[PDB]
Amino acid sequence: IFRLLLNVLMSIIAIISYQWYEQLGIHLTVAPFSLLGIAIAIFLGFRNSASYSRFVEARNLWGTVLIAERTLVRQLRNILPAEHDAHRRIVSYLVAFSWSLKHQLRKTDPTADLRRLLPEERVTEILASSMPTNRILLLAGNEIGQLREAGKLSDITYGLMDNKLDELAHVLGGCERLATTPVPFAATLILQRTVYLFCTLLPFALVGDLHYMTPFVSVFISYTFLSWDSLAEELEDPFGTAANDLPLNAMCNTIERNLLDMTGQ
């Protein structure tokens, strides 16, 4: 990539610069730039650790959707094995919540998936709100509440599936917070500029003791910094459509297929 190509030529410039720039006293020893490189590597490791934690919290939150939606459908079959109208409808809302969450995080438009799973009557209320995924939850709770006032659910077994709508609410909230949070941007931008300036200004610090071999031993260590710095660029925002990013769309079909299998479809 560009960065190391720039470094190899910049390394080339440093060799020519050293010889033809001898008159000015540009003595640049290796010891100071070693203290600097060790320092910013300590910071990159700590930063990349913080980014990686953010990525697996995202991955955990989505793991909880599949768990929570499997157990509420199983509770539904176990507690009310006859009410397939309630099961068809509730599975619709559970599946739509997943796709709505996915389109929300991807800042893309959920209408194709929501008509596919819901009557456009309801699909009109959901998109009329600024919080469409939250209202899908509130509607799924309404189906469960209906069963309670009909005397089909007691308060006890109502509460046990109420607790699964709680697990899903914490997913909704946490995902929004992860999307919304901008704390990583300040640290990383200072590190990114610092990492870059350090690599390009580095052959001028090696050329005194390395001569021609400067390009080789400079393009190498530039690779190991840019690569490890770029790694945090991938985990900082994990809801991206990138192959590196969570396969959010594979995960929603798994959700839909599984909730379809459990409902005798």
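We number the residues from 1 along the sequence you see.
- Note on 74-82 vs 166-174: mean CA B-factor is higher in 74-82.
- Relative to one another, 24-32 and 49-57 have unequal mean CA B-factors, and 24-32 is the one with the higher figure.
- The PDB entry assigns the greatest CA B-factor among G141, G159, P184, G151 to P184.
- In this PDB entry, the Cα temperature factor of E236 sits in the top third of its chain's modelled residues, the highest group.
- Per-chain ranking of the deposited C-alpha B factor places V219 in the highest third.
- Looking at the C-alpha B-factors along this chain, the one for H87 belongs to the middle third.
- The deposited CA B-factor of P132 belongs to the lowest third of values across its chain.
- Ranked by C-alpha B-factor against the other modelled residues of its chain, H103 falls in the lowest third.
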